[PDB]
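K.L.:
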Amino acid sequence: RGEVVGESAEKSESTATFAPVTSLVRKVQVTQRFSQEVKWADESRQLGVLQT
Amino acid sequence: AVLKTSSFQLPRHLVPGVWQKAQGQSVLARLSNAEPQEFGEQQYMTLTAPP
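Chains as they are written, first to last, in the deposited numbering: chain F, 53 to 104; chain A, 2 to 52.
1. Using beta carbons (cut-off 9 Å, strictly below), is A/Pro-52 in contact with chain F?
2. Note down, in chain order, all residues in the stretch 69–85 of chain F with a beta-carbon under 9 Å from any beta-carbon belonging to chain A.
3. Along chain A, which residues have their Cβ under 9 Å away from the Cβ of F/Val-101?
4. From the beta carbon of F/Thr-104, is the nearest beta carbon of chain A less than 9 Å away?
5. For F/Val-73 versus F/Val-90, is the C-beta spacing smaller than 9 Å?
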């Protein structure tokens, strides 16, 4: 900030101030589980269940 | 008595074509497409919930 001062008035200081901020690191997983029978049914009948 | 067309009994002229009140078509046939099907009840898979 600026300061207004007289002729022989003592000047001040008003320096800028700074701070850091930090990213967190987030690991996201999705796991889906199914019987080999579901693979056999889908791959034989062409259901599209594993593609979806 | 004088001669009249009453005595001749003419047949009426028959106009071509048939007059009709129109009918509404299917809406379902316009709004969703037909698919190829084989004779019997069909079965379809639906997603109940995502991972």
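For each residue, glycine too, the CB sits at the ideal point set by N, CA and C.
P.N.:
This is what the structure holds:
1. yes
2. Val-82, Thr-83, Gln-84
3. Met-46
4. yes
5. no
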